[PDB]
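Structure first, then comments.
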Ligand SMILES: OCc1ccc2nsnc2c1
Ligand SMILES: OCc1ccc2nsnc2c1
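In the authors' numbering, the protein residues as written are 6 to 39, 51 to 163.
Okay, here's the thing in structure tokens:
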């Protein structure tokens with residue numbers, strides 16, 4: 006009926022239906038449109065105190081909580097979806113991954129090289145699509161599939 010991992014849902018404030026993808030954690034109002053060896057993604061990582069390495073080029077000692085980290089991710093997603101800010105601009109300034117220097121880009125990759133929730137989401141995104149918050153041992157990700 007619907008593409009991989011999508012379900013119908015109802016907005017709690019509106020009452021109108023919307024669509025949600027439990028693999029990528031994306032949500033939209035529109036019924037989603039319509051697998052390759054490799055995909056190409058960029059991402060924005062917000063680490064927290066339980067990240068595998070609680071440190072980054074932005075902070076020698078990352079001390080925020082997972083909940084605080086999720087709030088930061090949600091903020092960026094709002095600004096990206098509203099158009100006030102571009103994904104590349106926010107990655108470049110705020111991602112705790114060193115890939116921030118490259119506007120968040122990671123290159124292309126196959127299944128089995130990335131952490132699994134990141135890989136599942138990356139491969140479930142269509143080209144040009146953004147994910148919701150995705151959780152890994154590194155922290156909370158916003159993923160943009162570019163190829
Ligand atoms: O940390 C992994 C990673 C991957 C791609 C990059 N481009 S620039 N810095 C990078 C870092
Ligand atoms: O996965 C580690 C990694 C991968 C690609 C890179 N380009 S430049 N720095 C990098 C680091």
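C-beta atoms are modelled at their ideal positions from N, C-alpha and C, and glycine is treated no differently.
Any non-hydrogen atom of ligand 1 closer than 8 Å to residue i Cβ
{"i": "residue 57", "result": "no"}
{"i": "residue 117", "result": "yes"}
For residue i, three-class secondary structure by DSSP
{"i": "residue 66", "result": "coil"}
{"i": "residue 33", "result": "strand"}
{"i": "residue 18", "result": "coil"}
{"i": "residue 121", "result": "strand"}
{"i": "residue 78", "result": "coil"}
{"i": "residue 7", "result": "coil"}
{"i": "residue 28", "result": "coil"}
{"i": "residue 61", "result": "strand"}
{"i": "residue 101", "result": "coil"}
{"i": "residue 160", "result": "strand"}
{"i": "residue 12", "result": "strand"}
Cut-off 7 Å between Cβ atoms - residues of its own chain near residue i, not counting five sequence neighbours on either side
{"i": "residue 68", "result": "153 and 154"}
{"i": "residue 86", "result": "149 and 156"}
{"i": "residue 143", "result": "161 and 163"}
Buried versus exposed, by CB contacts within 10 Å (16 or more), residue i
{"i": "residue 29", "result": "buried"}
{"i": "residue 13", "result": "exposed"}
Distance cut-off 8 Å: residue i Cβ against heavy atoms of ligand 2
{"i": "residue 114", "result": "yes"}
{"i": "residue 141", "result": "no"}
{"i": "residue 123", "result": "yes"}
Chain-order list of residues whose beta-carbon lies under 6 Å from that of residue i (same chain, five-residue window excluded)
{"i": "residue 37", "result": "8, 11 and 24"}
Sequence-distant residues of its chain with Cβ nearer than 8 Å to residue i (five each side left out)
{"i": "residue 77", "result": "70 and 71"}
{"i": "residue 140", "result": "9, 10, 26, 28 and 29"}
Check: Are the region 15 to 28 and the region 93 to 108 in contact at 8 Å, needing three or more beta carbon pairs?
Finding: no
Note to self: When you compare the region 131 to 138 with the region 80 to 96, are there three or more beta-carbon pairs, one atom per stretch, that lie closer than 8 Å?
What the structure shows: no
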